[PDB]
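A.B. asks: Structure, please.
(one chain, ligands or ions: 2)
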Amino acid sequence: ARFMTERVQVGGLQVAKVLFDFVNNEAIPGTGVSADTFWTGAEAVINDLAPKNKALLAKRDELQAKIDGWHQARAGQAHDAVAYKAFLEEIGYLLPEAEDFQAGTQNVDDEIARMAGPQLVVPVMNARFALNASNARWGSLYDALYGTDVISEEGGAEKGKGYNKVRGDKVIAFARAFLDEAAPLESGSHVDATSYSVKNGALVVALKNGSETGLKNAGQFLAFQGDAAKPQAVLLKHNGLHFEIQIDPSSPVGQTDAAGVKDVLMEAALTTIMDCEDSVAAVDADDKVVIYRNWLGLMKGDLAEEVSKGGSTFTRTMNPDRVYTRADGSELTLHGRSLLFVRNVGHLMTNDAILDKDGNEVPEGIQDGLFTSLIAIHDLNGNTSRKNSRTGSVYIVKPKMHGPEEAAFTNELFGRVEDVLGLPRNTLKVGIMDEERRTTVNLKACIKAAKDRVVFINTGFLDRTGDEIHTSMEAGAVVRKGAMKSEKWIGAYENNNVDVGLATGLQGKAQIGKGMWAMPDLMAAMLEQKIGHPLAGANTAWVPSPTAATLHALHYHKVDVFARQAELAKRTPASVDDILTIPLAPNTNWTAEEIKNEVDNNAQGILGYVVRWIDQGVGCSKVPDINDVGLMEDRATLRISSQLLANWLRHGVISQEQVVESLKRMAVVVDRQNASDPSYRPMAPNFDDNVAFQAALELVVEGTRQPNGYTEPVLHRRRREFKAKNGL
Ligand SMILES: [Mg+2]
Ligand SMILES: [Mg+2]
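C.D. replies: Numbers count the residues shown, from 1 in each chain. Ligands and ions are numbered 1, 2, ... in the order given. Sharing the structure here:
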């Protein structure tokens, strides 16, 4: 028997037993909501909103088909932008710009509304990653520098396995230069400090020449830990972000330092998105329970994992808040943890963890809203040892929405969930991903549809490129994947998001955010390049790891984002006509070598990701590209690569035999790259029977058939196929 799920009858619903029991025995106790109340309300929401959800998806399909037909009816003609835009308007794709308004969201935590800094995104299915992300609010700058390529190993500065002082002295010097910039002394350089102490309410820095100095701006000093005359830490603030100079002259690093400094502790990942979507693989009730159970551990504060470090073992847990003494004897407490959002899945998928009264699968987005909000009640009512929101809000990221009617449906869904759970109206806040064309070109109206719930807008630029390719699939051959960043549309898309965010009053109430740095080991490059995100007026942007959060925090000390937003609020707004410029290749006269490099690079990226998704249920993998650069891959990069190959195939840039040959060749490369993993099974040489290879092949050769180019229908089907065959 194929795909087996044991269910029980719950009113008119059929609920997977594993999920029923998880909700009743783990999520519900401590919320003050009875299981009967919850399940009866859930069934009402499902029965009312599932038909609306289905009609929204039918509308996507209808519009894509009309666009397909529009280009087909104009095969071989030069693109007529004016006729295209009248068509998009007449069919209801491009809607009138929304009337002016200001967002009304209230009760937003400071990390979102009033601060600028990094935002970490991690798969919530991995409890170790989730724990580290919760704790990444504070990060060791010395560890981030010593451990990454920010500091070159040249000149005998190798990391090695111990503490290489040659390297460590470079780390220390980099950090002193940061201190000179972010907390300048009135005289001299932190490089010459011999002592940090507190006297008469001010930081006093003794220098090697025997004099003492204060800070140039003495108000940057806030508080300390330990004795004022010999503090263990001094707490500073700059651009709204905190950092500690940590002092211990008996520590291995401290005893090499004239002032005993052992580290600089940076306030780093202000917020974290615990992901249930593009970075996880969860295809059935068993997988979804694991997801929900980790979110539950975060919301109750008891998420914990045993880890082997040193020779022994200890239990990793969520860190407490941090306590400091002010010079007047009062106590100052800082949040010890990143403020958590949860990313629900979007409107597309259904799953068979719940069947409705007609035996149909229930939309997964509706389920996530019910279950993740139920679980968040543990935070809202204080049934937790680790508070998340201090304002009575839950922060849900809603991805992959197309246009303002779909934003209104999320607003409606969240209100219905609140009613089921007895939550005050607008408790459930929404982070709106701007990552689909129909949202971009209607963005102001999309925000307006959730104007009292909005807590962010963010340019998921990789999904957005995937939608760009699928939407104009029939128009012609698109440019190479690496050429997209220079096309007209994408710069206008990024600027539009900031312009609309500022014009709709998000400042002071929500984040205007930007995308993920996807090269986890190229931290020197990240430090060079990602300053562009705060310079663009985004008060947050995505990083892949706690280390990258610590390093990206340095950018917010170089750029005052809110002041930058004031400047950018004056510029001419981005043009929808630029956004409507389809990234078609001027001609298809690429060198045969150029074509081979594009096909091979996409084929490797697809296969390196898909094999781990299908065989191991891993939704986020680092995959070397054909230059051996390690790329962080999730479903959004798979969407781009599969859709580009489908597009080149559809327009005869490449042949099917060609794409198949490249996939087989790059599969062998992928197998080699994974050969040292004992849990890895190769794809070659039996490609016909290999589920993962067939999944990759389907996404490419049938890329034109996937709804808006989404990869989940194939991945979910094939992962379940693999799980069933192997007893997983
Ligand atoms: Mg905290
Ligand atoms: Mg997304």
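A.B. asks: Now do the contacts for the residue of the stretch 1-150 of the chain found nearest ligand 2.
C.D. replies: Nearest residue of the stretch 1-150 of the chain to ligand 2: residue 121, at 9.6 Å (Cβ to the ion). For every residue, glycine as well, the C-beta is placed using N, CA and C. Neighbouring residues of residue 121 by Cβ atoms under 8 Å, 6 or more residues apart in numbering: 272, 273, 275, 279, 343, 516, 542, 543, 544.
A.B. asks: Can you tell me which of the residues you listed has the most neighbours?
C.D. replies: residue 272 (30 neighbours; other Cβ atoms under 10 Å).
A.B. asks: For that one, name its beta-bridge partners.
C.D. replies: Counting by DSSP bridges, residue 272 forms beta bridges with residue 120, residue 340.
A.B. asks: So it sits against residue 340, correct?
C.D. replies: Yes - between residue 272 and residue 340 there is a contact at 5.6 Å, judged by Cβ atoms under 8 Å.
A.B. asks: Please enumerate the shared neighbours of the two.
C.D. replies: residue 134.
A.B. asks: Can you give me the distance of the residue of the stretch 1-150 of the chain closest to ligand 2 to residue 518?
C.D. replies: 11 Å (Cβ to Cβ, to the nearest Å).
A.B. asks: what touches both of the two?
C.D. replies: Joint contacts of residue 121 and residue 518 (Cβ under 8 Å, 6+ apart) are residue 544.
A.B. asks: still on that earlier bit, leaving out chain neighbours, which residue sits closest to the residue of the stretch 1-150 of the chain closest to ligand 2?
C.D. replies: Spatial nearest neighbour of residue 121, chain neighbours left out: residue 273 (4.5 Å); criterion: Cβ to Cβ, 6 or more residues apart in numbering.
A.B. asks: can you tell me which residues contact residue 309?
C.D. replies: Per Cβ under 8 Å, 6+ apart, neighbours of residue 309: none.
A.B. asks: Show me what residue of the stretch 601-728 of the chain gets nearest to ligand 1.
C.D. replies: residue 620 (25.0 Å).
A.B. asks: Count the neighbours of that residue for me.
C.D. replies: So residue 620, with other Cβ under 10 Å, has 23 neighbours.
A.B. asks: Double-check it against residue 633; I have them as touching.
C.D. replies: Yes - with contact defined as Cβ under 8 Å, residue 620 counts as touching residue 633 (7.1 Å).
A.B. asks: can you tell me if stretch 389-404 touches ligand 1.
C.D. replies: No - judged by Cβ under 5 Å from the ion, stretch 389-404 stays clear of ligand 1, getting no closer than 8.8 Å.
A.B. asks: Can you give the domain ranges for the protein?
C.D. replies: 1-137+268-588, 138-267, 589-728 (curated CATH domains).
A.B. asks: How much space separates the residue of the stretch 351-500 of the chain found nearest ligand 2 from residue 351?
C.D. replies: Using Cβ to the ion, the closest approach of the stretch 351-500 of the chain to ligand 2 is made by residue 399 at 3.3 Å. Between residue 399 and residue 351 the distance is 16 Å, computed by Cβ to Cβ.
A.B. asks: same check, this time on residue 466
C.D. replies: 22 Å.
A.B. asks: Same question for residue 125.
C.D. replies: 15 Å.
A.B. asks: got the residues of the chain near ligand 2?
C.D. replies: 278, 399, 460.
A.B. asks: and the second one, what does it touch?
C.D. replies: So the one you mean is residue 399. By Cβ under 8 Å, 6+ apart, the neighbours of residue 399 are 277, 278, 343, 344, 345, 346, 433, 435, 460, 463.
A.B. asks: neighbours of residue 38, just the number please.
C.D. replies: Neighbours around residue 38, by other Cβ under 10 Å: 20.
A.B. asks: from what I can see it touches residue 417, true?
C.D. replies: No - contact criterion Cβ under 8 Å: residue 38 and residue 417 do not qualify, at 10.6 Å.
A.B. asks: shared neighbours of the two, anything?
C.D. replies: In contact with both residue 38 and residue 417: residue 370, using Cβ under 8 Å, 6+ apart.
A.B. asks: thought residue 167 was touching residue 159?
C.D. replies: Yes - the pair residue 167 / residue 159 is scored as a contact, 6.5 Å apart, by Cβ under 8 Å.
A.B. asks: hey, what's in contact with both of those two?
C.D. replies: Any residue near both residue 167 and residue 159 by Cβ under 8 Å, 6+ apart counts here, and that gives 146, 153.
A.B. asks: and the closest residue to residue 97 other than its chain neighbours, what does it touch?
C.D. replies: Take residue 97 and drop its neighbours on the chain: the residue closest to it by Cβ to Cβ, 6+ apart is residue 444, 6.0 Å away. With contact taken as Cβ under 8 Å, 6+ apart, residue 444 is in contact with 97, 98, 500, 503, 504.
A.B. asks: mind running it again at 10 Å?
C.D. replies: Counting by Cβ atoms under 10 Å, 6 or more residues apart in numbering, residue 444 makes contact with 95, 97-101, 404, 496, 499-501, 503-504.
A.B. asks: one step back: possible to save the contacts of residue 121 as CSV with secondary structure?
C.D. replies: Rendered in CSV, the data for the contacts of residue 121 read as follows (DSSP: H, G, I helix; E, B strand; the rest coil):
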residue, secondary structure
272, strand
273, strand
275, strand
279, coil
343, strand
516, strand
542, strand
543, strand
544, coil
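A.B. asks: Nearest to residue 79 among those?
C.D. replies: Within the contacts of residue 121, the smallest distance to residue 79 is 31.5 Å, found for residue 516 (Cβ to Cβ).
A.B. asks: so what's the residue nearest to the closest one when sequence neighbours are not counted bridging to?
C.D. replies: Nearest non-adjacent residue to residue 516, counting by Cβ to Cβ, 6+ apart: residue 542, 3.9 Å away. Beta-bridge pairing of residue 542 under DSSP bridges involves residue 119, residue 516.
A.B. asks: How many residues are close by residue 77?
C.D. replies: 8.
A.B. asks: what do you get for residue 280?
C.D. replies: 28.
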